[PDB]
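Working through the structure, step by step
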Amino acid sequence: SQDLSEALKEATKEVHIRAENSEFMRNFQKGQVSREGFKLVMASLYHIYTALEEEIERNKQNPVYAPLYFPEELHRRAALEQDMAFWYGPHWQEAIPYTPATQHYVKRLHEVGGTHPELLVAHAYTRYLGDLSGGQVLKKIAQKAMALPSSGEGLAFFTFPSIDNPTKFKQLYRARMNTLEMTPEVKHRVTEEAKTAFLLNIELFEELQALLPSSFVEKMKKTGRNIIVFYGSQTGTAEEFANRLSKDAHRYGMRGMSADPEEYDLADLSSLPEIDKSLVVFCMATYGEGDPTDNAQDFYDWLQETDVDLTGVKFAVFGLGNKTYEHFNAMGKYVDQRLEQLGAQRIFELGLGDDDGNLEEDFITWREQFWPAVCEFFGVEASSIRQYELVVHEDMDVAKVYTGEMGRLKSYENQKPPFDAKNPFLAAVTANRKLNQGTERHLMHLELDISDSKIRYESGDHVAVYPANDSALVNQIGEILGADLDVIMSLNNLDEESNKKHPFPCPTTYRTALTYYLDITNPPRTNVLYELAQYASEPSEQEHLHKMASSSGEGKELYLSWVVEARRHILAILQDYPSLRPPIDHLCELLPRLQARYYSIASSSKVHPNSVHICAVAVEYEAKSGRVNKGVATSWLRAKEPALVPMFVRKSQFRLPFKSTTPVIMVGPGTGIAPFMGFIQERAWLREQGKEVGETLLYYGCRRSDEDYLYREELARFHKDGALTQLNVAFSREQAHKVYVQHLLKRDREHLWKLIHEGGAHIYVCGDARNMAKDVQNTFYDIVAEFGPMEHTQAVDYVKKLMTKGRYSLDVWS
Ligand SMILES: Cc1cc2nc3c(=O)[nH]c(=O)nc-3n(C[C@H](O)[C@H](O)[C@H](O)COP(=O)(O)OP(=O)(O)OC[C@H]3O[C@@H](n4cnc5c(N)ncnc54)[C@H](O)[C@@H]3O)c2cc1C
Ligand code: HEM
Ligand SMILES: Cc1cc2nc3c(=O)[nH]c(=O)nc-3n(C[C@H](O)[C@H](O)[C@H](O)COP(=O)(O)O)c2cc1C
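Conventions we followed
- Residues numbered from 1 in each chain as written, not as in the entry; some residues may be left out.
- Chains lettered and ligands numbered in written order.
- Heavy atoms only, no water.
- Residues with missing side-chain atoms left out of burial classes, pairs and counts.
- UniProt positions renumbered as here; feature names shortened; annotations may be inferred.
- 1 Å grid on protein atoms, 1.4 Å probe; cavity = no way out; pocket = protein on both sides within 12 Å on 5 of 7 lines; lining within 4 Å.
- Points joined across faces, edges and corners; volume = space filled by probe spheres on them.
- Nonpolar A, V, L, I, M, F, W, Y, C, P; charged D, E, K, R; others polar.
- Domains from an automatic or database assignment.
- Helix = DSSP H or I, 4+ residues; strand = E, 2+ residues; numbered from the N terminus.
- Buried < 20%, exposed > 50% of the residue type's maximum accessible area, 1.4 Å probe, protein only.
- Near = heavy atom within 4 Å.
- Polar contact = N/O pair within 3.5 Å; in protein donor to acceptor, adjacent residues only side chain to side chain.
- Axes fitted to C-alpha atoms, helices over the stretch in contact; angles between N-to-C directions.
- Left-handed = near helix turned anticlockwise from the far one by under 90°.
- Contact = heavy atoms within 4.5 Å.
- Areas by Shrake-Rupley, 256 points an atom, 1.4 Å probe, with all protein chains shown as cover.

In the annotation of the PDB entry, the protein is listed under the name Heme oxygenase 1,NADPH--cytochrome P450 reductase and assigned to Rattus norvegicus. UniProt lists a comment for the protein under the heading Subcellular location, and it reads "Endoplasmic reticulum membrane".

Okay, here's the thing in structure tokens:
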């Protein structure tokens, strides 16, 4: 094509098909990779990436490569050295081979980096863009096939801790590629060199291949079990889940086993109701185009043409899927919907695990609320064995007790770089003023001083903050529970081979754990209500707590109405149910951890290098339970007057264009103006350095001009200086019909189209506003359809292509 990214994708089509059809890569896809062949590819890759990054460092400021310099995000030499130490021992430096094909690849890399740097892109593309695609699945396949530690040793090459979204980063990288100015002949040479790089990889793979040459019903009867968990897996995740489920079975009054459904004629589901309180669980991953895992293919086929009467059978299904596919959890949904068709009844709601997000968290939630539903269905209300043991330290020094820090002991006082999620830096609150002019809501602008933290950030990055619960809540809970909060103690997991030895940093007091480590504000999950039912004196409230553990029936109605919809925290539950007098250690075992909260950085590191600006709206509402609830992080930050805040910075892919001449179209209603401020700052800064800056358009939205017009004065000053080219503000509540930013974009359709088409502008969409991103998206669809004469389908294809080339970026949240 014309844009370099599309030209590279099209030019390297056949060679990519060929590379992934090589015998070595095909054996890899099928899970048949050997430790020796894996050591071979990894050593070759060490040599290759050493050469590649050597030449990258050599040309990191050459204009023909400069926009692609992403050392912190992409480079591999460090991880490859870690993996060499893993796979070849301490003296790997002389133990790793250097095959002729690897030397050919390295020689070509050095030729390019030395005498033809204009082609270096073609090689980075072939490697880095590849590592951010198939590599994510290859890492799982390796973990399972070779049996590596779950800690990630040996597969550090496949891990990008600075890239939280490889799709968005690939968009950013394509954008940086298309910025490269080059003549058409040079573009053709670059595509040919990308073909050459693919061919080098192909012949490397070829050379490395050259260097290799009893029915479960009666079974459960004789083994004495009532639970069986079939796993439909390909890369071991569903197997792991099924094994952990059947492991929880034995420690709950019941007794289960995790089995493979492949070698069992599941006609033994009709023979299963003849086991006392029997139930079967299915952890089903889905592949292909809504196709079952191979180990369940037979099973799937069996459910097609069958009529086995499965009356009185108890089942539950958890599905493993990915929201990016458009057959989301087809296998799990099919098994769930179909077992009820055959006669069985659902005990717990079907789980829908997303792999785009945190699949582990989805599964932990599902299991956590599943086990109570089982214990409350069959009525086997024995009340289960604990998981953490209380050990009070009545005489113990204070320099050994956790006082709220997150990582190592006394890490909040002995601050040493680097600072990240496990070692947050305590930034000094320099400013905390009100942006909101009215009184509808309180919107605040904080500034955090990070002078000598050595923390780097860019406009568009995010800042995460570890908050503290309101101390009045902690005191009230400690009062109504009738316990002492300053008691130094510990909770030790007696699941001995679970290296998760505590629920939170220990030893510490109950006050400290309630203040910094636990989430005492979000509505409680079903599991804590079940485990609290045994502490209710009155059988009315005990029976309420029990029934609230039923996923089916009016128990779910009660749970959703009185807890979720009413938004009752733990204190509200302890208040309205005065029968509840549980201990404090069991409560600290049942409550979920206090999560950090993310905010869009509202400053540019080029004008505010030692400061990070946050723009937030304080959460505070009258819940339907009567009480007035407060947002943890926003209330905690609101009280901060210039006063430390534990924070860290997470890289995003929201980035201004490399060329200062490129125009930007920012759209951000409400708090979504947060990053754009930074943008504008940096943009203004580029004008002050004497650089030529393109158009900078802002489409902001608020209610009233005198109510919540955030940064009105600063935006006005930016506009009058020329830094902010257009200030298009849509006031939603200044007449009878509401005016949103969609209408302002629709208004300037002609100029916007000339910016996008002729100027090659970047579009940014940001903010909380629900259903707003899709409205802006449809607006741009219509603009492109109208002004560049197109069918609606051609226009949506055009806009999607823009998203691929990193010219339509999103940063939405809730
Ligand atoms: C990448 C990312 C970027 C973000 N950037 C920003 C930003 O720039 N500015 C900003 O303000 N926030 C931002 N957020 C959201 C932020 O992380 C918090 O969710 C938000 O600030 C509130 O945090 P909190 O701890 O004070 O409230 P929490 O303790 O987390 O609880 C809030 C909950 O209260 C509930 N709730 C809210 N209103 C009502 C209501 N009327 N009635 C009933 N229930 C209600 C909701 O269920 C809500 O989830 C971002 C989030 C992400 C993931
Ligand atoms: C294990 C075999 C492989 C599989 C399953 C695989 C799969 C994929 C997939 C699904 C994509 C699309 C991602 C996207 O469009 O955003 C992709 C793109 C890509 N792959 Fe592969 N791949 C394999 C082997 C390789 C190899 C060996 C290389 C190079 C050494 C490579 C280089 C690339 C590149 C550069 C892209 C990006 C194309 C673009 O968007 O411009 N792949 N691959
Ligand atoms: C080739 C491939 C195809 C996939 N297809 C789908 C799909 O169609 N629908 C879906 O929801 N998930 C799909 N997924 C997501 C998987 O279900 C997800 O990765 C799941 O965690 C796999 O579990 P496992 O490791 O036990 O095999 C697919 C994954 C791969 C690798």
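That was the structure; now back to the text.
Roughly 30 Å³ of volume is contained in the largest cavity. What lines the largest cavity is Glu-73, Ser-162, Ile-163, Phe-169, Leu-172, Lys-651, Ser-652 and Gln-653. Residue classes in the lining of the largest cavity are distributed as three nonpolar, three polar and two charged. Built from parts of two domains, the lining of the largest cavity gets at least three residues from each of domain 1 (1–213) and domain 4 (415–466 + 596–653).

Structurally, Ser-605 can be placed in the loop between β14 (597–600) and β15 (611–617). Accessibility expressed as a relative area gives 14% for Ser-605, which makes it buried. The spatial distance from the C-alpha of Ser-605 to the C-alpha of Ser-459 is 6.9 Å, given a sequence separation of 146 residues.

All right, on to the site of ligand 2 then. As a structural note, the neighbourhood of ligand 2 is formed by 17 residues, with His-16, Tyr-125, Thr-126, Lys-170 and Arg-174 the closest of them. At 2.6 Å from an oxygen atom of ligand 2 is found a side-chain nitrogen or oxygen belonging to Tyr-125. Here an oxygen atom of ligand 2 sits 2.9 Å away from a polar atom, N or O, in the side chain of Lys-170.

It is worth spelling out the packing of helix α30 (residues 772–787) against helix α31 (residues 792–804) at this point. When two helices pack together, you describe them by how their axes are tilted relative to each other and by the distance separating the axes. At a minimum axis distance of 8 Å, the contact between α30 and α31 shows a crossing angle of 120°. For the pair α30 and α31, the crossing hand works out as right-handed. Along its contact with α30, which presents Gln-777, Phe-780, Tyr-781, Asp-782, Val-784 and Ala-785, the element α31 presents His-792, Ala-795, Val-796, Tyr-798, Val-799, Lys-800 and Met-803.

This paragraph deals with the site of ligand 3. The full set close to ligand 3 counts 20 residues, and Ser-233, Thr-235, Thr-237, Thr-286 and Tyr-287 are the nearest of them. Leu-320 is positioned such that a nitrogen or oxygen atom in its backbone is 3.0 Å from an oxygen atom of ligand 3. Here a nitrogen atom of ligand 3 and a backbone polar atom of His-327 are 3.5 Å apart. Here ligand 3, which alone exposes 640 Å², has 88% of that area covered by the protein. When residues of the shell around ligand 3 are traced back to their parent elements, those giving at least two are α14 (237–250), β3 (279–287) and β5 (314–321). It is β3 that contributes the most residues to the shell around ligand 3, three residues altogether. Looking at the shell around ligand 3 residue by residue, the classes come out as seven nonpolar, 12 polar and one charged.

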